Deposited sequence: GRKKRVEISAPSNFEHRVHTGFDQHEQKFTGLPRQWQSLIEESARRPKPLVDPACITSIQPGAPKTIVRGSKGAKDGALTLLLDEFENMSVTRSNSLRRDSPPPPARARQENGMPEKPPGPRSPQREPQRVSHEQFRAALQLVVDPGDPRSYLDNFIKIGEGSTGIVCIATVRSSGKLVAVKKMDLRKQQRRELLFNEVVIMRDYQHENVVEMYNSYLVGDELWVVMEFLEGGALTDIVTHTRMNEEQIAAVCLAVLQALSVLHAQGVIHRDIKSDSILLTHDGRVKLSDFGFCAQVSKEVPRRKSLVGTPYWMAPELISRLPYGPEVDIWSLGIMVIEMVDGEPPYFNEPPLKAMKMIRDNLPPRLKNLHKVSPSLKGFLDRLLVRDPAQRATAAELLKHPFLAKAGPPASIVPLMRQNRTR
């Protein structure tokens, strides 16, 4: 799997001191048991744990401070989830600092990543629409406050046991305001990266819309475009070539096709916004959380 990409006393100790003030005080082990690793990411490992009193399950993301790509991005993990409590957003209960590590205590998502489902089986339009709705609902709220996710991919999308979709992995979030027009840093996963971002030109919230476009290709075709190619020239191909098309538009309804045509636009000014796309006819096909349950590993094949 391709890993997410981003382009000392005073340095460390000051940064630690900063995070100390941001997070909740104390240590989570005073009420949590059985820290067992689930999977490693880019920022660090995610592991499971139990509430000692109730017996209920939580997740704990552990991120090392001195083992970061770009330290200052760790603030996102705390803040984004703190502020934007939304139906389609992973809940954060608490954040703590332990030694050289940040420990964010968030909700455990049973269904796992959307990556797992995209590669193994391949969903129908009803289910694909259900996902896109859930992501766009979340992304509209973030874009409303001028917050770019910067890392939209199947890996970022997680599920509950009852098939509800939530967005996660906010470690690459950007801020844009009245005085800050666009960002300009090379951030995200290589394949899901927008064309203007790969050319290092100033980019806005639109790079998420494109990223979702690529994530649509994922659900339909199993892979993002050029996934077989090495990331280096795969990014150059996105920068040079026309917008990637689907395998064959034969079984694809014109509803979905016209939807994706708004997502994968080269010129970001013409590219549709999260607000618009919420009213696109394709999202009317979106099935209930129940219709996603069959896709999950436990009930698959």
| query | finding |
| --- | --- |
| Missing stretches, numbered from 1 on the deposited chain sequence and kept in order | 1-45, 53-128, 423 |
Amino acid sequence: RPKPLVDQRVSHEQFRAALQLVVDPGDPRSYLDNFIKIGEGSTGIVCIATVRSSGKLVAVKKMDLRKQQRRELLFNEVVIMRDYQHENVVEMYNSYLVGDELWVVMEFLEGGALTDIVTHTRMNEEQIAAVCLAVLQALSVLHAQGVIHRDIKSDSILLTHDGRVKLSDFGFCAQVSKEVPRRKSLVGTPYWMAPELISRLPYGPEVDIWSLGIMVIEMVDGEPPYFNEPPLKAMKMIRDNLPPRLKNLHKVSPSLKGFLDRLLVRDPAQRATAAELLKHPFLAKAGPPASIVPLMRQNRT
From here on, numbers count along this sequence of modelled residues.
item	value
Between the two ranges 160-168 and 222-230, the one averaging a larger CA B factor in the entry	222-230
Greater mean Cα temperature factor according to the PDB record, 80-88 or 128-136	80-88
Highest-ranked of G111, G213, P181, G146 once sorted by CA temperature factor in the record	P181
Out of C47, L260, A274, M235, highest CA B-factor residue	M235
Lowest, middle or highest third - CA B-factor, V60	lowest
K37 by Cα B-factor - lowest, middle or highest third of the modelled chain	lowest
Relative C-alpha B-factor of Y191, binned into the chain's lowest, middle or highest third	highest
Third of the chain's Cα B-factor distribution that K279 belongs to, per the entry	middle
B-factor third for the C-alpha atom of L249 within its chain	highest
